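S.K.: Attaching a single structure in structure tokens format; questions to follow.
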Amino acid sequence: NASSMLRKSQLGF
Amino acid sequence: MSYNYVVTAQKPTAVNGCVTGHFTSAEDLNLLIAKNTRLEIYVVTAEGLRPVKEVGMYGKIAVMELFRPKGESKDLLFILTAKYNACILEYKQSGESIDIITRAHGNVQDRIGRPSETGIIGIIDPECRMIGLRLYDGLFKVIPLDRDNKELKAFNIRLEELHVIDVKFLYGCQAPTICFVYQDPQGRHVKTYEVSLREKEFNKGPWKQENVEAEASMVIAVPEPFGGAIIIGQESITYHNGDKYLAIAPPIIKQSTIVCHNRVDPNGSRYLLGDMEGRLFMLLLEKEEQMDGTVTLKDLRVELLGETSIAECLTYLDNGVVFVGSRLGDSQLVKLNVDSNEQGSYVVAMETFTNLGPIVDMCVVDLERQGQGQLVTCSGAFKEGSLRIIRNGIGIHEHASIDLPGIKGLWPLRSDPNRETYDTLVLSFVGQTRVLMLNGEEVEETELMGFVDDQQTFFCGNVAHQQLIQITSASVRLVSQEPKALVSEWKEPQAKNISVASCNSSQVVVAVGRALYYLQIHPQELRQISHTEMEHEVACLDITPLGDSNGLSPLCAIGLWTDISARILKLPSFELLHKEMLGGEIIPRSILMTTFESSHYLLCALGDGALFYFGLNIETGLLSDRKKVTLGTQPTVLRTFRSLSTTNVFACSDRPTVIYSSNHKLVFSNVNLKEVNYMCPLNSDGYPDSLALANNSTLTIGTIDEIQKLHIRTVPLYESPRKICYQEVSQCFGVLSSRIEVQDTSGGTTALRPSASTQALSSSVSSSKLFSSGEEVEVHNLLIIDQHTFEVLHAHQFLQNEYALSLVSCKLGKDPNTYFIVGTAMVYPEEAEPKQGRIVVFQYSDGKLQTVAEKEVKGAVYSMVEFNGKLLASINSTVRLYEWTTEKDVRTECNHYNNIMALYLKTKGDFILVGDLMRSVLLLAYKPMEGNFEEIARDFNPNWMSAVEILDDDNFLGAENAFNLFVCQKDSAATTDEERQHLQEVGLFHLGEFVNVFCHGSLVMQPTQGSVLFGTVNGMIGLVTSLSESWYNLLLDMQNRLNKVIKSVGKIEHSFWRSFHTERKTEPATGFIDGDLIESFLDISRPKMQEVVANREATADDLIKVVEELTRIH
């Protein structure tokens, strides 16, 4: 979802 | 013409890598820990870690290995950077000095190469023929180790296999041999290759290519006695060698993915295994002997051992000690026992290191309404989640408050020969002395024997033999514990004032000018001894019996008065040793000595505020390390306080300072106090482990905080916080949070541990009915946190699959209430993007949380600022600007649709906005015309943004995907339709970190302009300020000069490090400065420092002062 996506790029690789 | 300055406020704290071995000595167990651009070196001992050398690098460490080739005494360090800087490192102690030296280096990137799936992997052969690297798909680089290869020249080799997963070299091998899991269509597979470097090919491996699972991800290489390879997947583990295939599928690892590992016993019967959960496993290899033959294996099993922080990095140390490098959470030191405790955990934590974790959002709020911001961050993820309140400075808590305009000193006073407690404080005064007998905690001023009331007191020590001392202008007096009267009284032969007092509990030394006596308070009387005169007026003296002598004190130090100087001497003799001839026309107001663990110390305050510092020798008497700090502007009175084991040095100045202890060094942190004139330890029954402290007018007493330039408070959330808001009227924080739960056998979701959402003091669920039509779900909450106690007052839980993505705290329209507003989103795996969500307006009351208003939307509300009494909100590539009715409802006014996906917004006082996901930035204005947006300008570069901020009307800051910062301003040029509809990338910089959040605020105070703070995935907190063109220039110059003087470490060019870089563009930095590099200046030797000037004017120490005024921006 790019949302999974944000949270993930968000907590790092 | 953009002019900005970046500095680090908190160094990264996440642990990306860590490695163990003998790097310092061949007998020595070292722990090596890689932060980002920071390298930590420890020596392992009985207690745990002895620190030794922390250095920085000009790259992000991506590979870190210790190794040893032939005829090499001890281990060498291999380091590879994310920008493909490679280097070899040697640990070098020049007796007392430490250097990490660069034995070899070069850059190994290629112009070709699409950077691979699973990032950089670097490996080293068991013999040390070479190093193998995997920077690119299709390719496999190789760097042969030799005596030469000093520039690490490498050939590449072609790999049939385009999607490699993990690789290592195999033990017990004829030729160099790699071994790897790669993926192709039909699944994943395992493969081998010798590496013959003579012809730089690959040749053929000793074992056929077998299959391995769909989720095979780790390759472990089992050392010589065993040989072979271990492959780890989900729910399963396997072993390969020759024709030998051993496999296990233990349901217990199925729960979550393994993710790190570590050899425990050199032979490798045992290895450690890290889960995404925090769980710690042991993997065991059951050996098997056959008589005159090498060891085989029979079986392997897995034992659950316990629970650590989420491990990135694992290293078995000494004897059941395990270091646990974490980045989602705090790093820690851990004990492994043969015996479980209760709960059945073989793991026991010994030490915990704080990681500011992934800082995910943050804000500034002067909790104690002070003028100093404290910073509050959402940190961590999952069970490590937390808040962290971050406070510059050592603070103290004020017990009494006595307005006393005068106080010119103060020493302890125990009204009793037994108890540690002192019920009196005698305080030198404006030419007088007053006494303070205490009814315990009650303040009361009376008289005392042999202690003058109309005469200033220069001292009060604590002389043994049941007697109390009062050195005055006139005469070193005496009073008893038995008699308590006029026991004795010294007087200067001709009736001349003592100028400068000093003594302990056994020793006495005064001075009259240059004149130096020496007396002793021998049983109930003052017996005299030595004498000497001095070149010039004695400014100050210090005596205190140090390590090897109780009471009776060895050598000494003194400050003179015309030549402005300090010098080393002895006891009854007064023989002059080495010295220092400090400059200026201002004298040394202070000069005392002290120690801590393993060093004796001399320091010397002057009256201009500045300070010179030196270490000493109880035996010899020599120089040390000449440097010159600044502290206050006023004289500085040095003292020493009861703390913990290492009772420390306090600096009395207009800017009160503590001097603690670093590596084995000495700390220099602010004291969060008005101003302090004099200060001493204390302990009354009414005021225990105290510290007296007098200023302009008023006595005070209290304990002390930790130390570190910063204090970090704590707040374990047990789940992962996401956004954070301060609503001051309600004195609380709103925090969006998320917990994971699992399907049931009712299908329904349960939970895995008690969170803050579930241990909440009270609670709501969302009721609202706007929508209609094992496994892991997120459950989202809005928390209400007391600003004082940090308790979850209330928790609101959202709808099933509602993710709460944005949060604000504003007043809207004419309405005089303050609301909490949460923008949300409905979320499913199947869907690409959400296509519905809501905005909910909320009020926290006495103890209540009322759903004030809802509003449906047709996508994700990624962000929302409050605009001008209106609410502005990004909603799936569609900006909207809502209005609050008088009827209390959110109604549309206008939109902008020119966005791929609007992620961030910010608002400049006026009617300006900015933001986007894969574009860069846009600016907009609101037009009080038709209540519309007019799209003023954009940036046409392909920046995958991650954070955004308005530095001001024209300067826009932006962070992105690739760890770069950049600044934008709108062109000021003719033809104002095309050139105006663009804004140029006027500032570029490579940070090396990934920025989740910008925001306005500061951590300091009650040259530069503004202050924007940022928090990063890694723990690092930076700060961005603005400059005058002039200041910029001076600093750019001085940056370039500074690079000549400093030796980096891989040899890395600083400017290569700082360069805007994407896997598609590379420019040098403009309009940005590391104070990080600037600040380096100060730690440079005056000689190397001299050089940095060959050339409005030219100086040498001006610049020292200029870096000073800077180090204090944070």
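Neighbour counts are summed over all protein chains in view; Cβ atoms, including those assigned to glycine, are modelled from backbone coordinates with ideal geometry. Taken together, the values in this text are just the output of simple stated rules run on the coordinates, not laboratory data.
S.K.: Give me the inter-chain shielding for B:824-835: mean count of other chain Cβ atoms within 10 Å, whole number please.
M.R.: Working: counts 0, 2, 0, 3, 1, 2, 1, 2, 3, 4, 3, 0.
Whole-number average of other-chain Cβ neighbours for B:824-835 is 2.
S.K.: Using the Cα centre of chain B as the reference point, and only Cβ charges (+1 on K/R, -1 on D/E), how large is the resulting charge dipole? Debye, rounded to the nearest 20. Could you put the intermediate results ahead of the total?
M.R.: Values: 101 positive and 141 negative charges, 309 e Å.
Approximately 1480 debye in magnitude.
S.K.: Moving on. For B:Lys408, give me every one of the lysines with a C-alpha distance below 19 angstrom, ignoring sequence neighbours fewer than eight places off in its own chain.
M.R.: Output for B:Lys408: B:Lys674.
S.K.: Is it possible to state the helix-based mean residue ellipticity at 222 nm for chain B, with each DSSP H run of 4+ residues giving -39500 (n - 2.57), the sum divided by total residues, to the nearest 500 deg cm²/dmol? What is it?
M.R.: Details: 6 runs with 47 residues, N = 1114.
Computed ellipticity for chain B at 222 nm equals -1000 deg cm²/dmol.
S.K.: What FRET efficiency comes out for the pair B:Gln255/B:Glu351, r = Cβ-Cβ distance, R0 = 25 Å, nearest 0.05? Write out the running numbers ahead of the final one.
M.R.: Details: r = 27 Å, r/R0 = 1.10.
After rounding, the FRET efficiency stands at 0.35.
S.K.: Oh, and also: How many angstrom separate the Cα center of the range B:365-379 from the Cα center of the range B:713-783?
M.R.: Result: 24 Å between the Cα centres.
S.K.: Okay, moving on. Run the simple label-point estimate for B:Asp1102 and B:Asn439 please: 7 Å along Cα→C-beta, distance reported in nm.
M.R.: 6.2
S.K.: In peptide A:4-10, how many Cβ atoms from other protein chains are near each Cβ within 10 Å, on average?
M.R.: On the way: counts 3, 2, 7, 8, 0, 6, 9.
Per residue, the number of nearby Cβ atoms from other chains is 5 on average.
S.K.: While we're looking at this one, here's another question. Obtain the radius of gyration and the Kirkwood radius of the range B:542-631 from its C-alpha atoms and give Rg over Rh.
M.R.: On the way: Rg = 12.9 Å, Rh = 13.6 Å.
So for the range B:542-631, dividing Rg by the Kirkwood Rh gives 0.95.
S.K.: Sort the following peptides by mean Cβ neighbour count (other Cβ atoms within 10 Å, averaged over residues), highest first: B:332-339, B:652-659. Spell out each step's value before the answer.
M.R.: Details: B:332-339: 14.8, B:652-659: 22.0.
For the peptides B:332-339, B:652-659, the packing ranking is B:652-659, B:332-339.
S.K.: Let me ask something additional. Scaled to the compact-protein estimate 2.2 N^0.38 Å, what is the alpha-carbon radius of gyration of the protein assembly as shown, rounded to two decimal places?
M.R.: On the way: Rg = 33.9 Å, N = 1127, 2.2 N^0.38 = 31.8 Å.
Its radius of gyration relative to the 2.2 N^0.38 Å reference: 1.07.
S.K.: So for the range B:372-411, averaging the separation of alpha carbon pairs under 8 Å that are six or more residues apart and normalising by length, what relative contact order in percent results?
M.R.: Rounded, it is 30 percent for the range B:372-411.
S.K.: For chain B, rounded, prolate or oblate, judged on the Cα gyration tensor with a ≥ b ≥ c (square roots of eigenvalues), a/c < 1.5 rounded, else prolate if a/b > b/c? Intermediate values should be presented prior to the final figure.
M.R.: Details: a/c = 1.80, a/b = 1.39, b/c = 1.30.
Prolate, since a/c reaches 1.5 and a/b exceeds b/c.
S.K.: In the structure shown, do any of B:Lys383/B:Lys835; B:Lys579/B:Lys628; B:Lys168/B:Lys1065 have a Cα-Cα gap over 25 Å, and if so which? Display every interim value, and only then the final one.
M.R.: On the way: B:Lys383/B:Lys835 30 Å; B:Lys579/B:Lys628 16 Å; B:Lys168/B:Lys1065 32 Å.
Over 25 Å Cα-Cα: B:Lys383/B:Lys835; B:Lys168/B:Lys1065.
S.K.: Which value in nm describes the separation of the simple spin-label points at B:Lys908 and B:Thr1111, placed 7 Å from the Cα toward the beta carbon?
M.R.: 3.5
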